[PDB]
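For reference, the structure discussed in these notes is given below.
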């Protein structure tokens, strides 16, 4: 019989219901309170016993009269999946927020699901080329991988990702998922338009991308379970459709951040820097349900909005644990004007190895690291004294590194609008050559200004002629 | 006037329990007759059950839980006038210059919008 | 000494009432009168439900108490002191809580136990009787300690039965046996 | 009963649907007894010409946030529902 209840409390967006009948609730069930603003979906998150649940409420909790009828819909929120997810942008519940009308579905799947087993795991490392020189050179990505970005406060966190979407996902044929947790709505509309324009979303045709978009406006609780919703869509492609997927998540800081908001209200004594004491488990669940298994290879891309630009904060720290590549981008390198702003001594991949990208690539990388590490080391001396007071041998290294630093800035195609500089996509094969030459000092004989914001080595040469004029 | 018996003296935070339904408002000034002289307590909370939480403006040493409190009825009312010119006055608005009881025109509440 | 501590809060109130009236050796009378005052509290429905929640003075609360002991003469003297305590603590909300707890303590003094034979279906009377008998035959029921046997219907344990009483259970439901069967065949 | 009659006599007899009477108060947030009917994030008007927004709807009490100075509010003032979620004139 109807598991009716009344709303005993509405303490923030952590409503508590008191079920009347002794028919039990169950943890991670979903409840529908019908409101004249349409239904409100709540999710049972604690049992306080004596038939009083305490429920996270996805959407806003304004208006609720203490003692409001409930009905228990049972089990976690069920998304709708199908090929029809592709070419639709969906609310957390699954309703089209792009208002493309009823999404025909075959299977409606629970938001929560268990991480696939250790046995099911499968590991591979097929070098994905991004056509971004710095990425390829320092820490190339690879298929099925979990890619990581640790971009600063509005460093065009989205912009970096957009370039990646433009390159990699149009070079990927299989399904792809875009999930944007708490992103600025206007940018999302731009993205939606751009995707439609570039046909990735073709509304007339089929789309090889599906999208879940969560506005930064949306109440914290909704943002908390935006991830789980997207994660289900990805699983449907991975599993049921079988096809190799792709996944983009931006920002997974919002996943943590949202969690920190609810936890206190939920009734938890919070850990340092206010972070939720359930940070490890929650992060763990999210990141182990994203994995390359026998079922399918899901290359995933995760973006961390470093809070206050401190990467030692616990939320960035637990992200570092669950990635196969990271490419930390920091405000300082951005201030220096280098776009992209990837730190070159704070990038790593397990996909950088001499048995992966070959001995020559690895050797090239060794020298790049060494030169830059020296260059950073002499920053003190450079400031305290003059640069001429540097030792002559070192001064060559410094001059080379100064060139390397400038060289690494490559115009991007989505940035091409904003910067005004036409984008440059440089082949991976071209990149190894380009840096190799610089390491052999071949083209070290022309200005730093020439190296600044240009593509391949050949482009530098041409730009030298341009500069010479 | 309202009177109440002291029901706590944890630090200089003195809780006074006042007659039923009749309790001073927030920011009122209370005077506890003391062997010291007077003690001025200022109501900064109502803790329910016609009890308040007050802060003290004078030392609270030797209080006995039960001592009578008297309610002035509002924020400390301090003398004002050209009389008050050149007179040292302590927090309770009384001469400490010892140039005698300051002849006053008007007295006025200390909290003023 | 206490008849085994019940809870920490509210049942400390009950414990105190109990041990004090146990030493007065007038527990049945106390309990009965408490039931009677509880009944007339409940049978005052407006402001005997709607004045169990504080909203009025200590002095006004005391006068509510005075009306309550006006409602019937006799209420022991220990439960008249218990009313004083509750008026002073300004908590009549946990008055019926204390009543229930005092009931638990009282029926502990009686030794009257309560049990349950949860099932997912209404059970035969022959089963009720046979199990009550069985439980009395065993040392599970102390003898001097009585027993109630309550079947409740809970679909939760799909079919079967579970006999429960004390901290001793035997669970031969179908759902649980299935759980182990399934589990062992998940290997 | 005569007792019950006397109980009605000593009671204020407000059923406190759509009105409450404030309990302990100070620190610019108030805890009110009653307000049985009360929308969440509603605007309530206290009897002292100051209005507040209900934040915490808790069993038995509602925790208003006082949009205004402490000096205005005293314990046991009568809180009436404005009846509307916090709205501001626009035009």
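If you go through the range D:65-85, how many residues are more than 9 Å from every other protein chain (Cβ to nearest Cβ), under 17 Å from residue A:62 (Cβ atoms), touching a residue at least 40 places away in the same chain (Cβ under 8 Å) and surrounded by fewer than 18 Cβ atoms within 10 Å (Cβ to Cβ)? Outline the logic, then answer.
Step one: list which residues in the range D:65-85 are more than 9 Å from every other protein chain (Cβ to nearest Cβ), which gives D:65-68, D:77-84.
When the remaining residues are screened for being under 17 Å from residue A:62 (Cβ atoms), the result is D:65, D:67, D:81-84.
Narrowing further to those that are touching a residue at least 40 places away in the same chain (Cβ under 8 Å): D:81-84.
Within this subset, residues satisfying the condition of being surrounded by fewer than 18 Cβ atoms within 10 Å (Cβ to Cβ) are D:82-84.
Final tally of qualifying residues: 3.
Can you tell me which residue among C:64, C:104, C:69, C:80 is surrounded by 15 or more Cβ atoms within 10 Å (Cβ to Cβ), more than 11 Å from chain D (Cβ to nearest Cβ) and touching a residue at least 12 places away in the same chain (Cβ under 8 Å)? Let's see the steps before the verdict.
On the way: C:64 fails: more than 11 Å from chain D (Cβ to nearest Cβ); C:69 fails: more than 11 Å from chain D (Cβ to nearest Cβ); C:80 fails: touching a residue at least 12 places away in the same chain (Cβ under 8 Å).
The conditions single out C:104.
Can you name the residue in the range B:15-38 that is more than 19 Å from residue B:110 (Cβ to Cβ) and in contact with a strand residue (DSSP E or B) (Cβ under 8 Å, 6 or more places away or on another chain) and is also nearest to the other protein chains (Cβ to nearest Cβ) among such residues? Spell out how you get there, then give the answer.
Step one: filter the range B:15-38 for residues more than 19 Å from residue B:110 (Cβ to Cβ), giving B:15-23, B:33-37.
Next cut, in contact with a strand residue (DSSP E or B) (Cβ under 8 Å, 6 or more places away or on another chain) only: B:15-19, B:23, B:33.
Working: B:15: 12, B:16: 14, B:17: 10, B:18: 11, B:19: 10, B:23: 7, B:33: 25 Å.
Here the residue is B:23.
Go through the range A:186-216 residue by residue and tally those that are without any contact (Cβ under 8 Å) to a residue 40 or more places away in the chain, within 25 Å of residue A:110 (Cα to Cα) and assigned to a loop (DSSP other than H, G, I, E, B).
Count: 1.
Scan the range D:15-35 residue by residue and report those that are more than 14 Å from residue D:51 (Cβ to Cβ) and without any contact (Cβ under 8 Å) to a residue 40 or more places away in the chain.
Those that are more than 14 Å from residue D:51 (Cβ to Cβ) and without any contact (Cβ under 8 Å) to a residue 40 or more places away in the chain: D:15, D:16, D:17, D:31, D:33.
Any residue at all in the range A:69-87 that's more than 32 Å from the chain's Cα centre (by Cα), under 23 Å from residue A:267 (Cα atoms) and within 14 Å of another protein chain (Cβ to nearest Cβ)?
Within the range A:69-87, none of the residues are more than 32 Å from the chain's Cα centre (by Cα), under 23 Å from residue A:267 (Cα atoms) and within 14 Å of another protein chain (Cβ to nearest Cβ).
How many residues are part of a strand (DSSP E or B) and over 19 Å from residue A:77 (Cβ atoms) if we restrict to the range A:8-28?
First pass over the range A:8-28, keeping only residues part of a strand (DSSP E or B): A:8-11, A:14-19.
Next, from what is left, pick out any that are over 19 Å from residue A:77 (Cβ atoms): A:8-11, A:18.
Counting residues in the range A:8-28 that are part of a strand (DSSP E or B) and over 19 Å from residue A:77 (Cβ atoms) gives 5.
Residue A:402: in contact (Cβ under 8 Å) with a residue 24 or more places away in the chain, in the same structural domain as residue A:356 (by CATH), closer than 17 Å to residue A:336 by Cβ and surrounded by fewer than 20 Cβ atoms within 10 Å (Cβ to Cβ), yes or no?
On the way: in contact (Cβ under 8 Å) with a residue 24 or more places away in the chain: yes; in the same structural domain as residue A:356 (by CATH): yes; closer than 17 Å to residue A:336 by Cβ: yes; surrounded by fewer than 20 Cβ atoms within 10 Å (Cβ to Cβ): yes.
So residue A:402 fits the description; yes.
Do we find a residue being more than 14 Å from every other protein chain (Cβ to nearest Cβ) and either free of Cβ contacts under 8 Å to residues at least 12 places away in the same chain or surrounded by fewer than 16 Cβ atoms within 10 Å (Cβ to Cβ) (or both) anywhere in the range B:39-55?
Taking the range B:39-55 and keeping what is more than 14 Å from every other protein chain (Cβ to nearest Cβ), we get B:39-41.
From the residues that got through so far, the ones that are either free of Cβ contacts under 8 Å to residues at least 12 places away in the same chain or surrounded by fewer than 16 Cβ atoms within 10 Å (Cβ to Cβ) (or both) too are none.
The answer is no, given that none of the residues of the range B:39-55 is more than 14 Å from every other protein chain (Cβ to nearest Cβ) and either free of Cβ contacts under 8 Å to residues at least 12 places away in the same chain or surrounded by fewer than 16 Cβ atoms within 10 Å (Cβ to Cβ) (or both).
Evaluate the range A:170-183: report whether one residue or more is within 20 Å of residue A:255 (Cβ to Cβ), touching a helix residue (DSSP H, G or I) at 6+ places or on another chain (Cβ under 9 Å) and part of a helix (DSSP H, G or I). Walk me through it before giving the result.
Taking the range A:170-183 and keeping what is within 20 Å of residue A:255 (Cβ to Cβ), we get A:176-183.
Next, only the ones that are touching a helix residue (DSSP H, G or I) at 6+ places or on another chain (Cβ under 9 Å) stay: A:176-183.
With the extra rule that they be part of a helix (DSSP H, G or I), the set shrinks to none.
So far as the range A:170-183 goes, no, none of its residues is within 20 Å of residue A:255 (Cβ to Cβ), touching a helix residue (DSSP H, G or I) at 6+ places or on another chain (Cβ under 9 Å) and part of a helix (DSSP H, G or I).
Testing residue C:55 on (1) in a loop (DSSP other than H, G, I, E, B); (2) out of contact with any strand residue (DSSP E or B) (no Cβ under 6 Å at 6 or more places or on another chain); (3) closer than 30 Å to residue D:75 by Cα, one condition comes back false. Which one is that?
(2)
Inspect all residues belonging to the range C:35-47 and state whether any of them is touching a residue at least 60 places away in the same chain (Cβ under 8 Å) and under 15 Å from residue C:105 (Cα atoms).
First, pick out the residues of the range C:35-47 that are touching a residue at least 60 places away in the same chain (Cβ under 8 Å): C:35, C:38.
This time we only want the ones that are under 15 Å from residue C:105 (Cα atoms), so: C:35.
The answer is yes, given that some residue of the range C:35-47 is touching a residue at least 60 places away in the same chain (Cβ under 8 Å) and under 15 Å from residue C:105 (Cα atoms).
So which residues in the range C:45-55 are facing chain D (nearest Cβ under 8 Å) and under 22 Å from the mean Cα position of the chain (by Cα), if there are any at all?
C:48, C:53 - these are the residues of the range C:45-55 that are facing chain D (nearest Cβ under 8 Å) and under 22 Å from the mean Cα position of the chain (by Cα).
With respect to the numbered conditions (1) surrounded by fewer than 21 Cβ atoms within 10 Å (Cβ to Cβ); (2) within 14 Å of chain D (Cβ to nearest Cβ); (3) part of a loop (DSSP other than H, G, I, E, B); (4) in contact with a helix residue (DSSP H, G or I) (Cβ under 6 Å, 6 or more places away or on another chain), which one is the sole condition not fulfilled by residue C:3?
(2)
Which members of the range C:27-52 meet the condition of being surrounded by fewer than 16 Cβ atoms within 10 Å (Cβ to Cβ) and in a helix (DSSP H, G or I)?
Once the filter is applied, which keeps residues that are surrounded by fewer than 16 Cβ atoms within 10 Å (Cβ to Cβ) and in a helix (DSSP H, G or I), the range C:27-52 yields C:28, C:32, C:35, C:36, C:39, C:42.
Check residue A:201 against each of (1) crowded, with 24+ Cβ neighbours inside 10 Å; (2) under 30 Å from residue A:14 (Cβ atoms) and name the one condition it does not meet.
(2)
Can you tell me which residues in the range D:1-36 are surrounded by fewer than 17 Cβ atoms within 10 Å (Cβ to Cβ) and assigned to a loop (DSSP other than H, G, I, E, B)?
Passing the criteria: D:1, D:11, D:12, D:13, D:14, D:15, D:17, D:18, D:27, D:28, D:36.
Name the helices (runs of 4 or more DSSP H) wholly inside the range A:412-461 in which the number of residues that are surrounded by 15 or more Cβ atoms within 10 Å (Cβ to Cβ) is 2 or more. Don't jump to the end; show me each part of the working.
Details: elements: A:415-419, A:428-439, A:448-451.
Passing ranges, in order: A:428-439, A:448-451.
Inside the range A:427-465, can you point out the residues that are more than 21 Å from residue A:400 (Cα to Cα) and in contact with a helix residue (DSSP H, G or I) (Cβ under 8 Å, 6 or more places away or on another chain)? Spell out how you get there, then give the answer.
Residues of the range A:427-465 more than 21 Å from residue A:400 (Cα to Cα): A:427-429.
Listed by number, the list holds a single entry, A:428.
Can you tell which of D:88, D:62 is without any contact (Cβ under 8 Å) to a residue 24 or more places away in the chain and either surrounded by 17 or more Cβ atoms within 10 Å (Cβ to Cβ) or farther than 20 Å from residue A:13 by Cα (or both)?
Values: D:62 fails: without any contact (Cβ under 8 Å) to a residue 24 or more places away in the chain.
Every option except D:88 fails the conditions.
Counting only residues that are touching a residue at least 24 places away in the same chain (Cβ under 8 Å) and surrounded by 14 or more Cβ atoms within 10 Å (Cβ to Cβ), how many does the range C:159-172 have? Break it down into steps so the answer makes sense when it comes.
Just the residues of the range C:159-172 that are touching a residue at least 24 places away in the same chain (Cβ under 8 Å), to begin with: C:159-166, C:168.
Filter once more, keeping what is surrounded by 14 or more Cβ atoms within 10 Å (Cβ to Cβ): C:160-165.
Selection size over the range C:159-172: 6.
Every residue, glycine among them, receives a Cβ derived from its backbone with ideal geometry; neighbour counts consider all protein chains shown. The values are calculated or read from the model by the stated rules, or taken from the named source; nothing here is a laboratory result.
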